[PDB]
Amino acid sequence: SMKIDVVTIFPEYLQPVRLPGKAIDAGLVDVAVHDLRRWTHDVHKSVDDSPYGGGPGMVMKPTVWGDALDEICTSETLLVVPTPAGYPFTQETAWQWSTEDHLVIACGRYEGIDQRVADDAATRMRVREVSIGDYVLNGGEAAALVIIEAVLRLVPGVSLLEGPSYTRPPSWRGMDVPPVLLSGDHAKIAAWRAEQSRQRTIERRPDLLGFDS
Amino acid sequence: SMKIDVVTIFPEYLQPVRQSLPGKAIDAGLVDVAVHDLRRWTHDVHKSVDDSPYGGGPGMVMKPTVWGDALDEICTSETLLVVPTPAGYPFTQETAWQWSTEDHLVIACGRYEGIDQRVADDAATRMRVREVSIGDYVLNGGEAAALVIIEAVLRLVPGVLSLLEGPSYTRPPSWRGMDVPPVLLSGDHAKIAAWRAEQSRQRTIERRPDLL
Ligand SMILES: COC(=O)c1cc2cc(CO)sc2[nH]1
C-alpha cells in the first residue's frame, strides 16, 4: 500500500495518472493531486516573486509551500522535488522508492522553488531533489508523471540493452524474422539475443559497458 | 511551424499536451499537435495490437501489420519518426534543439515489450527514424516519454513559449529561522556572480560529478 500526493499550480496536467490507472483500480496505490493555490490567502493568489540578487524570471515563495507541506506531510514522508539541479533518478532509485508508504511530489514552475522550503522540510522528514535527465523542461509536472510510472510498476502487487523483438507473420513486406528465432533451439536463441544486445549496447550506450561517450 | 502527430493505444494520456498549448501560438499557426488511437488501424473485430514473441519469452510484441498501416497513412518522406524506447540512443538537450526546427514529428508510442523491429527498419528506408531513451529507468510504455519530448522540443520553438544551477531565494528575507544569504542583498554584483559560481561548483561536485 502506497500513498502519493502531488502538489502543483497545474493540477489538470496530472490527469494522465488516470498503468498507474490500473494500479489505483486494484486498490494498491492511491494518488491525489492538490492545487498549490489552495494555500494562498491574498486576492490574487500569488505564489511567486522576483529573485534576491537579481536574474531573469521568478521564484516560488516559501510561505505558500510551507503551509501546503505542513498539512500534507508527516515525519515518515519521503519528499520528492523534481529539479534540473537534482541527483539523478535511476532504476535503482525507482526500486528504492517502491517500498515507501508515502511519497509527496512538489512540482515547481518559473525558475524554481525558494531553497529554504527543502531546507526546512529536511529538519522534519527525508528530502530528495532529483533530475530525470539532461534536457530542459518548463516545470516539474512531466517529471512527476515519469517518476510515478517508474515507481508504481515495481510495487509488490503490480545493465545491458534489450535487443530487437519480432512477432507474426514470419515474412512481412519482404523482410524475414531471423531464422534462428523460428528454430526452437533455446541455446542458439539465447546466444543470438546476447550478441544482438551486445551490438546494440556498444552502438547506442557505450557508457553502460565502460567506454567513452 | 511544426506539426506533431502522436500514435498510442492510450490517446487520453496525451490530453494535457493539447491543453498546454497557448491559444496565440495555435491561432498564429505556429504549432499543431494531433493524437491518434492506434486501434483505428487494426484488422480484426477484436482490435488486436499485440501477439506472442518469436523465440519465446515474457510479455507481448506489437504487431507489424497494424503499425505499418498507421505510419503509411500519417508519415511522408519529410517526417522525422521518433520511437521512445529504453533501448534507444539518449535524448539530450542537443537532441531537443535539433528537432525544434523540424516541420513534422511523428511519435510512435509502444507498450508491452516493444514494436516488431521490422516496422522501424522498413520506415528507415524512406524517412529519418530515431529510437531514443529519456533516461536510465524503465517505464511500461512510451506515453510519458512522449510528453517529456514534446515539452522539451516545443519550448524551444520561437513563439510557443556544464554546471548545475545553485539555490534561489525570494521574499521574505527571513523565514522559519532561515535568512537569505546576505551577499545577495549587498548590491555588489560582481561579488554576487562569484558567490553563485562557487555555489554551482560545489553543487555539481556533490550531485553530478559525471559533469566534471
Ligand atoms: C521548477 O521545476 C522545473 O522547472 C523543472 C525542470 C526540470 C527538468 C527535469 C529533467 O530532469 S526535472 C525538472 N523540474
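Residues numbered from 1 in each chain as written, not as in the entry; some residues may be left out. Chains lettered and ligands numbered in written order. Heavy atoms only, no water. Residues with missing side-chain atoms left out of burial classes, pairs and counts.

Going by the header, the method for this PDB entry is X-ray crystallography, and the resolution given is 1.74 Å.

## Quick word on the overall build of chain B
Our working definition: For helices the rule is a DSSP run of H or I covering at least 4 residues; for strands it is a run of E covering at least 2, with both sets numbered from the N terminus onward. Radius of gyration here is computed from C-alpha atoms only, and the compact-globule reference equals 2.2 Å multiplied by the residue count raised to the power 0.38.
Broken down by element type, chain B carries seven helices and nine strands. Here the C-alpha radius of gyration of chain B, 22 Å, is well above what a compact globule of 212 residues would show, namely 17 Å. By principal-axis analysis of the C-alpha atoms, chain B measures approximately 70 × 45 × 35 Å.

## What to know about the packing of aromatic side chains
How we decide: Only centres within 6.5 Å qualify two rings of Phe, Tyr or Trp (six-membered ring in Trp) as a pair; their planes then separate them into stacked at under 30 degrees, edge-to-face at over 60, and tilted for everything else. Any residue under 20% of the maximum accessible area for its type is buried, any over 50% is exposed, and the rest in between are partly exposed; the area is computed with a 1.4 Å probe on protein chains only. By definition, being over a ring means that NZ of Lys or CZ of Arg is both within 6 Å of the ring centre and within 35 degrees of the ring normal.
One pass over the structure, following the stated rule, counts five aromatic pairs over all chains. Centre to centre, the rings of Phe-10 of chain A and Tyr-13 of chain A are 4.7 Å apart; their planes meet at 15°, and the pair counts as stacked. We classify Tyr-13 of chain A as buried; its relative accessible area is 12%. Judged by centre distance (5.4 Å) and plane angle (50°), the ring pair of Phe-89 of chain A and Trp-97 of chain A falls under tilted. The two residues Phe-89 of chain A and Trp-97 of chain A agree in class, both being buried. These aromatic residues form a ring-pair network of at least three members: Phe-89 and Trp-97 of chain A together with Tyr-137 of chain B. Above the ring of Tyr-52 of chain A, the side-chain terminus of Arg-171 of chain B is found at 4.5 Å from the ring centroid.

## Examining the pattern of salt bridges
Our working rule: A carboxyl oxygen of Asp or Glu within 4 Å of a side-chain nitrogen of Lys or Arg is what we treat as a salt bridge.
Enumeration according to the criterion identifies 26 salt bridges over all chains in this entry. The salt bridge partner of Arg-208 of chain B is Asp-134 of chain A, with a shortest N-O separation of 2.8 Å. Of this pair, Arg-208 of chain B sits in the segment after helix 7 (189-207) while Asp-134 of chain A sits in the loop between strand 7 (126-131) and helix 5 (141-152), placing the two residues on different chains. You can call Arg-208 of chain B buried: its relative accessible area is 6%. Its salt-bridge partner being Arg-205 of chain A, residue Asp-207 of chain A comes within 2.9 Å of it at the nearest N-O pair.

## A word on the site of the ligand
Residue and element names in this part refer to chain A. We count it as follows: A cutoff of 4 Å decides nearness: a residue is near a molecule or strand if any of its heavy atoms lies inside that distance of it. In protein, a polar contact requires one atom able to donate a hydrogen and another able to accept it; more generally it is a pair of N or O atoms within 3.5 Å, and residues adjacent in sequence count only if both atoms are side-chain atoms. Methods summary: accessible areas were calculated by the Shrake-Rupley approach with a probe of 1.4 Å, and residue burial reflects only the protein chains presented. The residue classification treats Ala, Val, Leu, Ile, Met, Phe, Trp, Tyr, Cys and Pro as nonpolar and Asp, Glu, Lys and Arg as charged. All others, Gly included, are polar.
Among the 15 residues in the neighbourhood of the ligand, the closest are listed as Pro-82, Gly-108, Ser-131, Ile-132 and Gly-133. The backbone of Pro-82 places a nitrogen or oxygen atom 3.5 Å from a nitrogen atom of the ligand. One of the backbone nitrogen or oxygen atoms of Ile-132 is found 2.5 Å away from an oxygen atom of the ligand. Contact with the protein chains covers 95% of the free accessible surface of the ligand, which is 370 Å². Residues of the shell around the ligand, tallied by class, amount to six nonpolar, eight polar and one charged.

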